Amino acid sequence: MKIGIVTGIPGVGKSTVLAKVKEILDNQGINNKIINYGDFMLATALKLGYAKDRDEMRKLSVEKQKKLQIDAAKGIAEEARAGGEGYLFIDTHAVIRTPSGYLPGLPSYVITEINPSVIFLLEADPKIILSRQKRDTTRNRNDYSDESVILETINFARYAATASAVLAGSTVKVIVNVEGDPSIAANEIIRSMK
């Protein structure tokens, strides 16, 4: 399975687009799997003892976390080798905004274990992302004060994703998520895996 990492800053509509990518690939009868990196990390944590739930996993020693990310990364690469023909997409972050600053989602020890073909950056107009902050308060962590915060996050995601791309030899692709339709992004993503 050819691997593609789909990243997006909160509010871009990454879950809707991913739902559309699966729907379109199933309809063409094309083998595909969509893995949520955080969920697979937790699954990995459960299988190897490290922790029994998220809070437990999150309050873990930095040296343990780095091991766990490596094992999850190795695990996902296995899933891809085992699934044969198809497309495996990872749903993760290029950068995670934290109070302590931007944390790269694909650091060297993770990215070179996975070796993806493509890293996607889901972007939209900062205005459209601010509207999707108060329109759908399905988490509402209201971290995006003004659009200058969104812009800055977009940019750090761009810098971090390219640095991860340079490490693995993968391409970086910007995909605009159209407000109306999620199918535009979904087809651009599918076109890129060809």
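The numbering used is simple: start at 1 and walk along the sequence shown.
Engineer: Can you let me know which of the two, 22-30 or 152-160, has the higher average C-alpha B-factor in the entry?
Structural biologist: 22-30 has the higher mean C-alpha B-factor.
Engineer: Averaging the C-alpha B factors as listed in the entry, name the stretch that ends up higher: 163-171 or 42-50.
Structural biologist: Per the PDB record, 42-50.
Engineer: Could you say whether, by C-alpha temperature factor, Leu130 belongs to the lowest, middle or highest third of its chain?
Structural biologist: Answer is highest: the recorded C-alpha B-factor places it there.
Engineer: Ordered by C-alpha B-factor within the chain, which third holds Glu85? Give me lowest, middle or highest, please.
Structural biologist: CA B-factor rank for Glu85: highest third.
Engineer: C-alpha B factor of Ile96, ranked within the chain: lowest, middle or highest third?
Structural biologist: It belongs to the middle third of the chain when residues are ordered by C-alpha B-factor.
Engineer: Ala124: which third of its chain by C-alpha temperature factor?
Structural biologist: Highest third of the chain for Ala124's C-alpha B-factor.
Engineer: For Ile35, return the chain-relative third of its C-alpha B-factor as stated in the PDB record: lowest, middle or highest.
Structural biologist: Within its chain, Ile35 is a lowest-third residue by C-alpha B-factor, going by the deposited values.
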